[PDB]
Amino acid sequence: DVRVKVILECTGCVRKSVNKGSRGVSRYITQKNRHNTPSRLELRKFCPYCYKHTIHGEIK
Amino acid sequence: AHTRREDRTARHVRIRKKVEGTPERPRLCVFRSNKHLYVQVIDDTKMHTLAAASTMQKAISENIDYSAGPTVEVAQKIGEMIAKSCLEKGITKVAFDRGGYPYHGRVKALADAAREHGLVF
Amino acid sequence: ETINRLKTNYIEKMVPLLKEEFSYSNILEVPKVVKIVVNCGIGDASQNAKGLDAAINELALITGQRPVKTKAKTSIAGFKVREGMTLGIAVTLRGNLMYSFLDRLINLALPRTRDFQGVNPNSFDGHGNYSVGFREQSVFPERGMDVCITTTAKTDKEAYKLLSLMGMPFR
Amino acid sequence: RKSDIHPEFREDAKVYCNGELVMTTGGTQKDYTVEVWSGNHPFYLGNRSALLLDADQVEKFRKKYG
Amino acid sequence: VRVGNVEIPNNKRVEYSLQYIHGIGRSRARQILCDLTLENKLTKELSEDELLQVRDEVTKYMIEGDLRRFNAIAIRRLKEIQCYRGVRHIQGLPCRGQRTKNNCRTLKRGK
RNA sequence: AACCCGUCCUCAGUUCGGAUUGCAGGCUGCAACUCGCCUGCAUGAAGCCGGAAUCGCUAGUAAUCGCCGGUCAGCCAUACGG
RNA sequence: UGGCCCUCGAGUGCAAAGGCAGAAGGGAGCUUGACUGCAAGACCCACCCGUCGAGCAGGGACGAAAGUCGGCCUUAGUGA
Ligand SMILES: [Mg+2]
Ligand SMILES: [Mg+2]
Ligand SMILES: [Mg+2]
Ligand SMILES: [Mg+2]
Ligand SMILES: [Mg+2]
Ligand SMILES: [Mg+2]
Ligand SMILES: [Mg+2]
Ligand SMILES: [Zn+2]
């Protein structure tokens with residue numbers, strides 16, 4: 001199980017938002033190798049709830 | 001090995017397969033020699049040249065005076081006269097063909113001076 | 001005593017002299033030195049860094065210009081190498097350095113070689129170019145190398161005539 | 001030439017031969033010292049034949065007896 | 001290259017430092033100093049004019065170059081002419097009447 | 001001769017070690033190439049006290065220094081006998 | 001390592017075919033579009049599946065700009 005699917009969570013979204021626009025959190029999913037990339041994987045991707053691109057980082 | 005003229009022509013073809021002159025956005029290409037500059041504005045669909053501005057024109061040859069080759073100040077004048085020559089024709093948009101040479105240098109001054117007023121690119 | 005001997009001696013004395021030798025219809029047909037490529041190959045460069053980082057400085061003082069870590073064009077197991085690893089040490093000499101380097105060649109390093117009896121005149125490749133091989137570099141007043149001289153000559157005769165004027169003692 | 005990635009190469013670095021300035025060249029070092037410069041070495045002044053035969057042994061036979 | 005196209009050490013005396021030269025033995029090292037009538041000081045501390053005066057006088061003998069060439073042609077003289085002594089060099093064996101039954105490890109090793 | 005006095009060499013294949021080879025000479029002798037002994041120079045190998053094993057020596061002995069002689073024109077004697 | 005000659009005979013992570021030479025191959029710099037919400041119209045075809053896709057809004061990367069990008073030269077790397 002060298003390769004593994006990694007889950008990316010938005011850094012900036014909050015739980016149980018009381019806003020009028022949209023409530024929730026952005027979350028993508030991609031591939032990522034462990035040995036070839038022992039560090040985490042943070043990327044600036046789009047967030048529909050935050051109306052902008054934000055740094056989505058590994059939840060685990 | 002390859003010479004400067006051969007490598008120049010290769011750099012111009014790789015550019016030309018992306019930029020394309022049209023009636024709505026003609027093609028502005030530049031040719032710098034060892035002693036002169038030269039510019040054309042072409043609608044590639046019609047294969048016709050709409051405007052042009054050279055170093056050998058009388059309206060500017062009397063003004064500028066260079067000994068060795070055309071300087072950055074010369075390019076600022078070519079971009080100025082060609083712009084006034086374009087607006088009278090009734091066209092603003094244009095695609096910039098850098099003639100295979102790098103954008104940095106006199107080519108930048110020609111584009112900025114031409115972009116300074118009138119044209120949209 | 002002058003600043004640049006070869007650059008001044010060439011344009012003033014040699015070009016009228018070499019033109020009369022072959023009777024060229026134009027002055028631009030004369031040959032001239034384009035560059036001097038100094039190679040130094042070490043197969044065991046991938047092992048140590050001190051021997052690598054040191055030898056790179058040894059040639060730099062001889063030439064006044066940094067060498068370059070030349071990499072392999074392809075991997076092969078016969079000599080236990082890999083692609084992308086450094087194998088050779090090279091540098092390019094052009095302009096005034098090639099003349100200043102040649103002054104340090106014929107007069108400083110080449111005479112100090114042990115048991116010297118002139119360089120082989122048969123080292124020409126057949127298109128005006130010339131090469132030299134060394135075992136040591138301490139002959140330069142400061143392991144071997146392959147000095148590759150380039151020239152715009154078509155045949156080797158004018159090259160042999162060209163190089164012989166700037167010293168280059170041939171047997 | 002890039003700035004910080006070359007030695008302090010210069011021009012007209014003198015070359016003494018026991019205080020004798022034969023000529024000057026460009027180099028990194030301050031000065032040089034030579035004894036095989038141009039003329040001290042025999043191959044340059046010589047015919048550059050690079051071939052000797054040890055002409056004859058008869059000379060050893062006849063001259064020694066006399 | 002200190003003198004004679006060889007780098008000699010600078011710490012030893014003069015008499016016992018010229019001997020590293022291929023053409024200078026133990027007697028010639030003394031004859032040079034005795035001709036120059038100078039004192040046997042260190043190698044580094046020696047003056048320039050005095051050290052210069054050595055560089056001119058040492059070149060009179062078969063120091064290097066022609067020395068190694070004068071020998072190799074002499075050994076080559078015996079091989080092509082095929083003397084008795086010449087064949088023994090080709091065989092890698094001595095030529096001065098040595099016995100070859102239980103000795104001569106030098107040349108047998110230097111095959 | 002070891003040895004005493006004095007200068008230098010300061011742990012290095014070295015001012016340790018002197019094999020191998022070239023050149024130039026001498027003596028013996030009718031004769032010195034195979035196959036003698038020496039001189040003058042220049043080259044300067046291996047070798048940093050040595051496995052398993054093994055030899056000598058109980059007093060001027062062992063260890064170490066040099067001298068002589070016999071056979072002999074000369075001498076391969078580093079031997080033999082003192 | 002230098003030069004000359006023939007010119008696509010190499011290479012494109014892996015099988016093969018097809019394609020690609022100032023390139024889809026080989027480097028460098030900045031980057032995450034390996035996006036969100038869609039989608040006219042087509043290819044395929046028992047059914048269930050599968051494939052290409054102009055163009056529109058949003059918020060963005062690269063580029064001086066024009067323009068390009070909804071993973072990889074294409075086709076296996078998968079399970080109602
Ligand atoms: Mg010696
Ligand atoms: Mg040893
Ligand atoms: Mg020791
Ligand atoms: Mg023993
Ligand atoms: Mg007893
Ligand atoms: Mg192919
Ligand atoms: Mg590419
Ligand atoms: Zn967010």
# chains A, B, ... in the order shown; residues from 1 in each chain; ligands from 1
>>> residues_near_ligand(ligand="ligand 2", cutoff="7 Å", atoms="only C-alpha atoms (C1' of nucleotides) and all ligand atoms", output="number ranges by chain")
F: 13, 46-47
>>> write_last_selection(atoms="C-alpha atoms (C1' of nucleotides)", output="PDB file, in the first residue's frame")
ATOM      1  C1'   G F  13      62.051   3.385   2.090  1.00  0.00           C
ATOM      2  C1'   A F  46      62.767  -5.947  -2.512  1.00  0.00           C
ATOM      3  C1'   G F  47      63.114  -5.121   2.646  1.00  0.00           C
TER       4        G F  47
END
>>> residues_near_ligand(ligand="ligand 3", cutoff="10 Å", atoms="only C-alpha atoms (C1' of nucleotides) and all ligand atoms", output="PyMOL selection string")
chain F and resi 11-14+16+48
>>> write_last_selection(atoms="N, CA and C atoms (P, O5', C5', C4', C3', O3' and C1' of nucleotides)", output="PDB file, in the first residue's frame")
ATOM      1  P     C F  11      61.290  12.953  13.248  1.00  0.00           P
ATOM      2  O5'   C F  11      60.772  11.585  12.621  1.00  0.00           O
ATOM      3  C5'   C F  11      60.775  11.390  11.211  1.00  0.00           C
ATOM      4  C4'   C F  11      60.953   9.937  10.849  1.00  0.00           C
ATOM      5  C3'   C F  11      59.942   8.983  11.481  1.00  0.00           C
ATOM      6  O3'   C F  11      59.662   7.913  10.576  1.00  0.00           O
ATOM      7  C1'   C F  11      62.122   8.383  12.161  1.00  0.00           C
ATOM      8  P     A F  12      58.237   7.791   9.839  1.00  0.00           P
ATOM      9  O5'   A F  12      58.599   7.904   8.291  1.00  0.00           O
ATOM     10  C5'   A F  12      58.498   9.137   7.591  1.00  0.00           C
ATOM     11  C4'   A F  12      59.657   9.343   6.649  1.00  0.00           C
ATOM     12  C3'   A F  12      60.069   8.137   5.816  1.00  0.00           C
ATOM     13  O3'   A F  12      59.272   7.984   4.655  1.00  0.00           O
ATOM     14  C1'   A F  12      61.987   9.124   6.794  1.00  0.00           C
ATOM     15  P     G F  13      58.289   6.722   4.500  1.00  0.00           P
ATOM     16  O5'   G F  13      59.183   5.628   3.767  1.00  0.00           O
ATOM     17  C5'   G F  13      59.764   5.893   2.495  1.00  0.00           C
ATOM     18  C4'   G F  13      61.231   5.546   2.474  1.00  0.00           C
ATOM     19  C3'   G F  13      61.874   5.508   1.090  1.00  0.00           C
ATOM     20  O3'   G F  13      63.244   5.906   1.194  1.00  0.00           O
ATOM     21  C1'   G F  13      62.051   3.385   2.090  1.00  0.00           C
ATOM     22  P     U F  14      63.851   7.078   0.274  1.00  0.00           P
ATOM     23  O5'   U F  14      64.622   8.012   1.309  1.00  0.00           O
ATOM     24  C5'   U F  14      64.030   9.220   1.776  1.00  0.00           C
ATOM     25  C4'   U F  14      64.624   9.675   3.087  1.00  0.00           C
ATOM     26  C3'   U F  14      66.150   9.716   3.139  1.00  0.00           C
ATOM     27  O3'   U F  14      66.575  10.799   3.965  1.00  0.00           O
ATOM     28  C1'   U F  14      65.348   8.253   4.803  1.00  0.00           C
ATOM     29  P     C F  16      71.846   6.677   3.331  1.00  0.00           P
ATOM     30  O5'   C F  16      70.939   5.938   4.410  1.00  0.00           O
ATOM     31  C5'   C F  16      71.313   5.922   5.779  1.00  0.00           C
ATOM     32  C4'   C F  16      70.748   4.724   6.495  1.00  0.00           C
ATOM     33  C3'   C F  16      71.069   3.372   5.881  1.00  0.00           C
ATOM     34  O3'   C F  16      72.360   2.901   6.226  1.00  0.00           O
ATOM     35  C1'   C F  16      68.766   3.475   6.390  1.00  0.00           C
ATOM     36  P     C F  48      58.977  -5.086   5.305  1.00  0.00           P
ATOM     37  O5'   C F  48      59.642  -4.036   6.300  1.00  0.00           O
ATOM     38  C5'   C F  48      60.748  -4.409   7.114  1.00  0.00           C
ATOM     39  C4'   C F  48      60.830  -3.582   8.373  1.00  0.00           C
ATOM     40  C3'   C F  48      59.605  -3.654   9.285  1.00  0.00           C
ATOM     41  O3'   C F  48      60.016  -3.597  10.650  1.00  0.00           O
ATOM     42  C1'   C F  48      59.978  -1.415   8.642  1.00  0.00           C
TER      43        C F  48
END
>>> residues_around(residues="residue F:82", least_positions_apart="6", cutoff="12 Å", atoms="only C-alpha atoms (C1' of nucleotides)", output="PyMOL selection string")
chain F and resi 67-70
>>> closest_residue(among="A:55, A:41, A:29, A:4", to="ligand 8", atoms="only C-alpha atoms and all ligand atoms")
A:55
>>> residues_near_ligand(ligand="ligand 8", cutoff="8 Å", atoms="only C-alpha atoms (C1' of nucleotides) and all ligand atoms", output="compact mmCIF listing (two decimals) with N, CA and C atoms, in the first residue's frame")
# COMPACT_ATOMS: atom_id res chain seq x y z
N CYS A 10 -10.38 22.15 3.44
CA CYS A 10 -10.13 23.58 3.34
C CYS A 10 -9.67 24.13 4.68
N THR A 11 -8.61 24.94 4.65
CA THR A 11 -8.16 25.68 5.82
C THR A 11 -8.76 27.08 5.74
N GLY A 12 -9.82 27.31 6.51
CA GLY A 12 -10.53 28.57 6.49
C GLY A 12 -12.03 28.40 6.66
N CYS A 13 -12.55 27.25 6.25
CA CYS A 13 -13.96 26.95 6.46
C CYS A 13 -14.20 26.56 7.91
N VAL A 25 -18.40 22.82 4.05
CA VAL A 25 -16.95 22.85 3.95
C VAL A 25 -16.54 22.25 2.61
N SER A 26 -15.48 22.79 2.02
CA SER A 26 -14.94 22.24 0.78
C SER A 26 -13.99 21.10 1.10
N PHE A 46 -10.02 25.86 -5.37
CA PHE A 46 -11.26 26.62 -5.26
C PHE A 46 -12.13 26.09 -4.12
N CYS A 47 -12.81 27.01 -3.45
CA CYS A 47 -13.77 26.69 -2.39
C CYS A 47 -15.11 27.32 -2.75
N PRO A 48 -16.15 26.55 -3.09
CA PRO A 48 -17.44 27.19 -3.43
C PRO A 48 -18.05 27.97 -2.28
N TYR A 49 -17.81 27.55 -1.04
CA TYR A 49 -18.43 28.22 0.10
C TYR A 49 -17.74 29.54 0.41
N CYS A 50 -16.42 29.60 0.28
CA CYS A 50 -15.67 30.80 0.61
C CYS A 50 -15.56 31.79 -0.54
N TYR A 51 -16.08 31.45 -1.73
CA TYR A 51 -16.11 32.37 -2.87
C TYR A 51 -14.69 32.77 -3.29
N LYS A 52 -13.73 31.87 -3.13
CA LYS A 52 -12.35 32.16 -3.51
C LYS A 52 -11.55 30.86 -3.48
N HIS A 53 -10.29 30.97 -3.89
CA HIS A 53 -9.34 29.87 -3.80
C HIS A 53 -8.65 29.92 -2.45
N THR A 54 -8.58 28.77 -1.77
CA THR A 54 -8.01 28.67 -0.45
C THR A 54 -7.10 27.45 -0.38
N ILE A 55 -6.24 27.44 0.63
CA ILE A 55 -5.25 26.39 0.80
C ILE A 55 -5.95 25.17 1.40
N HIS A 56 -6.16 24.15 0.58
CA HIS A 56 -6.74 22.89 1.04
C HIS A 56 -5.61 21.96 1.47
>>> residues_near_ligand(ligand="ligand 1", cutoff="9 Å", atoms="only C-alpha atoms (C1' of nucleotides) and all ligand atoms", output="JSON, numbers by chain")
{"E": [18, 19, 20, 21, 22, 23, 24, 25, 26, 28, 29], "F": [42, 43, 44]}
>>> write_last_selection(atoms="N, CA and C atoms (P, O5', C5', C4', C3', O3' and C1' of nucleotides)", output="PDB file, in the first residue's frame")
ATOM      1  N   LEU E  18      70.017  17.592  -3.886  1.00  0.00           N
ATOM      2  CA  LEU E  18      70.237  17.476  -5.321  1.00  0.00           C
ATOM      3  C   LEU E  18      70.294  16.025  -5.782  1.00  0.00           C
ATOM      4  N   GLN E  19      70.490  15.076  -4.862  1.00  0.00           N
ATOM      5  CA  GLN E  19      70.636  13.675  -5.232  1.00  0.00           C
ATOM      6  C   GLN E  19      69.350  13.078  -5.780  1.00  0.00           C
ATOM      7  N   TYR E  20      68.193  13.662  -5.456  1.00  0.00           N
ATOM      8  CA  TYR E  20      66.938  13.186  -6.027  1.00  0.00           C
ATOM      9  C   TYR E  20      66.882  13.387  -7.534  1.00  0.00           C
ATOM     10  N   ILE E  21      67.707  14.280  -8.077  1.00  0.00           N
ATOM     11  CA  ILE E  21      67.796  14.439  -9.520  1.00  0.00           C
ATOM     12  C   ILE E  21      68.343  13.154 -10.128  1.00  0.00           C
ATOM     13  N   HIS E  22      67.820  12.786 -11.300  1.00  0.00           N
ATOM     14  CA  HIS E  22      68.154  11.494 -11.888  1.00  0.00           C
ATOM     15  C   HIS E  22      69.612  11.397 -12.314  1.00  0.00           C
ATOM     16  N   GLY E  23      70.262  12.519 -12.609  1.00  0.00           N
ATOM     17  CA  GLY E  23      71.644  12.535 -13.036  1.00  0.00           C
ATOM     18  C   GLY E  23      72.656  12.897 -11.973  1.00  0.00           C
ATOM     19  N   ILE E  24      72.222  13.151 -10.740  1.00  0.00           N
ATOM     20  CA  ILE E  24      73.093  13.601  -9.658  1.00  0.00           C
ATOM     21  C   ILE E  24      73.173  12.505  -8.607  1.00  0.00           C
ATOM     22  N   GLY E  25      74.374  11.963  -8.417  1.00  0.00           N
ATOM     23  CA  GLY E  25      74.625  10.977  -7.386  1.00  0.00           C
ATOM     24  C   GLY E  25      75.219  11.606  -6.145  1.00  0.00           C
ATOM     25  N   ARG E  26      75.984  10.827  -5.382  1.00  0.00           N
ATOM     26  CA  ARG E  26      76.545  11.308  -4.127  1.00  0.00           C
ATOM     27  C   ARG E  26      77.860  12.054  -4.311  1.00  0.00           C
ATOM     28  N   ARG E  28      78.774  13.702  -7.345  1.00  0.00           N
ATOM     29  CA  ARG E  28      78.493  14.908  -8.117  1.00  0.00           C
ATOM     30  C   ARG E  28      77.855  15.990  -7.256  1.00  0.00           C
ATOM     31  N   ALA E  29      77.067  15.599  -6.252  1.00  0.00           N
ATOM     32  CA  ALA E  29      76.470  16.581  -5.354  1.00  0.00           C
ATOM     33  C   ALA E  29      77.535  17.356  -4.590  1.00  0.00           C
TER      34      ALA E  29
ATOM     35  P     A F  42      77.928   9.877  -8.749  1.00  0.00           P
ATOM     36  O5'   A F  42      76.799   9.512  -9.808  1.00  0.00           O
ATOM     37  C5'   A F  42      76.508  10.388 -10.885  1.00  0.00           C
ATOM     38  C4'   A F  42      75.569   9.754 -11.878  1.00  0.00           C
ATOM     39  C3'   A F  42      74.346   9.065 -11.296  1.00  0.00           C
ATOM     40  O3'   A F  42      73.309   9.965 -10.950  1.00  0.00           O
ATOM     41  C1'   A F  42      75.345   7.658 -12.903  1.00  0.00           C
ATOM     42  P     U F  43      72.076   9.452 -10.060  1.00  0.00           P
ATOM     43  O5'   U F  43      71.374   8.366 -10.987  1.00  0.00           O
ATOM     44  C5'   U F  43      70.251   7.634 -10.530  1.00  0.00           C
ATOM     45  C4'   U F  43      69.960   6.457 -11.426  1.00  0.00           C
ATOM     46  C3'   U F  43      69.122   5.350 -10.808  1.00  0.00           C
ATOM     47  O3'   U F  43      67.733   5.623 -10.868  1.00  0.00           O
ATOM     48  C1'   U F  43      71.009   4.415 -11.900  1.00  0.00           C
ATOM     49  P     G F  44      66.970   6.236  -9.595  1.00  0.00           P
ATOM     50  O5'   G F  44      67.147   5.123  -8.474  1.00  0.00           O
ATOM     51  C5'   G F  44      66.819   3.765  -8.742  1.00  0.00           C
ATOM     52  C4'   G F  44      67.252   2.859  -7.620  1.00  0.00           C
ATOM     53  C3'   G F  44      66.693   3.217  -6.244  1.00  0.00           C
ATOM     54  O3'   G F  44      66.448   2.024  -5.497  1.00  0.00           O
ATOM     55  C1'   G F  44      69.048   3.261  -6.172  1.00  0.00           C
TER      56        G F  44
END
>>> residues_around(residues="stretch 80-97 of chain B", least_positions_apart="3", cutoff="7 Å", atoms="only C-alpha atoms (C1' of nucleotides)", output="number ranges by chain")
B: 19, 21, 24-30, 51-53, 76-77, 113-114, 118-121; G: 65-66
>>> residues_near_ligand(ligand="ligand 6", cutoff="9 Å", atoms="only C-alpha atoms (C1' of nucleotides) and all ligand atoms", output="list in words")
residues 8, 9, 10 and 11 of chain G
>>> interface_residues(of="chain E", to="chain F", cutoff="7 Å", atoms="only C-alpha atoms (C1' of nucleotides)", output="PyMOL selection string")
chain E and resi 16+23+25+71+74+97+106
>>> closest_atom_pairs(of="chain G", to="chain C", cutoff="9 Å", atoms="only C-alpha atoms (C1' of nucleotides)", output="Markdown table")
| residue | atom | partner | partner_atom | distance |
| --- | --- | --- | --- | --- |
| G:1 | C1' | C:39 | CA | 5.6 |
| G:2 | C1' | C:148 | CA | 5.7 |
| G:3 | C1' | C:127 | CA | 7.0 |
| G:4 | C1' | C:127 | CA | 7.4 |
>>> write_last_selection(atoms="N, CA, C and O atoms (P, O5', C5', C4', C3', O3' and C1' of nucleotides)", output="PDB file, in the first residue's frame")
ATOM      1  P     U G   1      30.669  15.415 -22.899  1.00  0.00           P
ATOM      2  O5'   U G   1      31.950  16.071 -23.575  1.00  0.00           O
ATOM      3  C5'   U G   1      32.710  17.052 -22.887  1.00  0.00           C
ATOM      4  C4'   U G   1      33.924  17.463 -23.680  1.00  0.00           C
ATOM      5  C3'   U G   1      33.675  17.793 -25.143  1.00  0.00           C
ATOM      6  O3'   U G   1      33.177  19.103 -25.340  1.00  0.00           O
ATOM      7  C1'   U G   1      35.517  16.335 -24.982  1.00  0.00           C
ATOM      8  P     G G   2      32.224  19.418 -26.594  1.00  0.00           P
ATOM      9  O5'   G G   2      33.236  19.544 -27.815  1.00  0.00           O
ATOM     10  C5'   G G   2      34.228  20.558 -27.823  1.00  0.00           C
ATOM     11  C4'   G G   2      35.061  20.518 -29.079  1.00  0.00           C
ATOM     12  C3'   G G   2      34.303  20.355 -30.385  1.00  0.00           C
ATOM     13  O3'   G G   2      33.721  21.558 -30.851  1.00  0.00           O
ATOM     14  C1'   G G   2      36.132  18.870 -30.355  1.00  0.00           C
ATOM     15  P     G G   3      32.361  21.511 -31.705  1.00  0.00           P
ATOM     16  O5'   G G   3      32.821  20.955 -33.124  1.00  0.00           O
ATOM     17  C5'   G G   3      33.773  21.666 -33.897  1.00  0.00           C
ATOM     18  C4'   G G   3      34.305  20.839 -35.040  1.00  0.00           C
ATOM     19  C3'   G G   3      33.278  20.277 -36.008  1.00  0.00           C
ATOM     20  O3'   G G   3      32.823  21.226 -36.955  1.00  0.00           O
ATOM     21  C1'   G G   3      34.820  18.588 -35.433  1.00  0.00           C
ATOM     22  P     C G   4      31.400  21.023 -37.674  1.00  0.00           P
ATOM     23  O5'   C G   4      31.653  19.827 -38.696  1.00  0.00           O
ATOM     24  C5'   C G   4      32.541  19.989 -39.790  1.00  0.00           C
ATOM     25  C4'   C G   4      32.773  18.693 -40.524  1.00  0.00           C
ATOM     26  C3'   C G   4      31.544  18.021 -41.111  1.00  0.00           C
ATOM     27  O3'   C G   4      31.117  18.603 -42.328  1.00  0.00           O
ATOM     28  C1'   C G   4      32.864  16.410 -39.999  1.00  0.00           C
TER      29        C G   4
END
>>> residues_around(residues="residue G:52", least_positions_apart="6", cutoff="12 Å", atoms="only C-alpha atoms (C1' of nucleotides)", output="NGL selection string")
:G and (41-44)
>>> write_last_selection(atoms="N, CA, C and O atoms (P, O5', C5', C4', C3', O3' and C1' of nucleotides)", output="PDB file, in the first residue's frame")
ATOM      1  P     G G  41     -29.472  19.403 -28.118  1.00  0.00           P
ATOM      2  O5'   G G  41     -28.418  18.946 -29.218  1.00  0.00           O
ATOM      3  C5'   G G  41     -28.319  19.638 -30.452  1.00  0.00           C
ATOM      4  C4'   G G  41     -27.036  19.310 -31.170  1.00  0.00           C
ATOM      5  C3'   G G  41     -26.801  17.837 -31.449  1.00  0.00           C
ATOM      6  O3'   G G  41     -27.503  17.374 -32.586  1.00  0.00           O
ATOM      7  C1'   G G  41     -24.846  18.773 -30.526  1.00  0.00           C
ATOM      8  P     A G  42     -27.590  15.800 -32.879  1.00  0.00           P
ATOM      9  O5'   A G  42     -26.122  15.434 -33.363  1.00  0.00           O
ATOM     10  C5'   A G  42     -25.699  14.085 -33.421  1.00  0.00           C
ATOM     11  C4'   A G  42     -24.199  13.975 -33.429  1.00  0.00           C
ATOM     12  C3'   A G  42     -23.649  12.567 -33.297  1.00  0.00           C
ATOM     13  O3'   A G  42     -23.656  11.860 -34.524  1.00  0.00           O
ATOM     14  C1'   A G  42     -22.523  13.985 -31.789  1.00  0.00           C
ATOM     15  P     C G  43     -24.200  10.351 -34.585  1.00  0.00           P
ATOM     16  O5'   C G  43     -22.931   9.482 -34.184  1.00  0.00           O
ATOM     17  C5'   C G  43     -21.711   9.627 -34.893  1.00  0.00           C
ATOM     18  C4'   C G  43     -20.566   8.965 -34.175  1.00  0.00           C
ATOM     19  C3'   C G  43     -20.791   7.525 -33.750  1.00  0.00           C
ATOM     20  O3'   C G  43     -20.624   6.600 -34.808  1.00  0.00           O
ATOM     21  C1'   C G  43     -19.853   8.733 -31.954  1.00  0.00           C
ATOM     22  P     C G  44     -21.684   5.410 -35.000  1.00  0.00           P
ATOM     23  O5'   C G  44     -21.489   4.520 -33.694  1.00  0.00           O
ATOM     24  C5'   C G  44     -20.216   3.976 -33.386  1.00  0.00           C
ATOM     25  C4'   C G  44     -20.183   3.352 -32.013  1.00  0.00           C
ATOM     26  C3'   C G  44     -21.285   2.357 -31.699  1.00  0.00           C
ATOM     27  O3'   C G  44     -21.050   1.078 -32.261  1.00  0.00           O
ATOM     28  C1'   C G  44     -21.012   3.834 -29.877  1.00  0.00           C
TER      29        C G  44
END
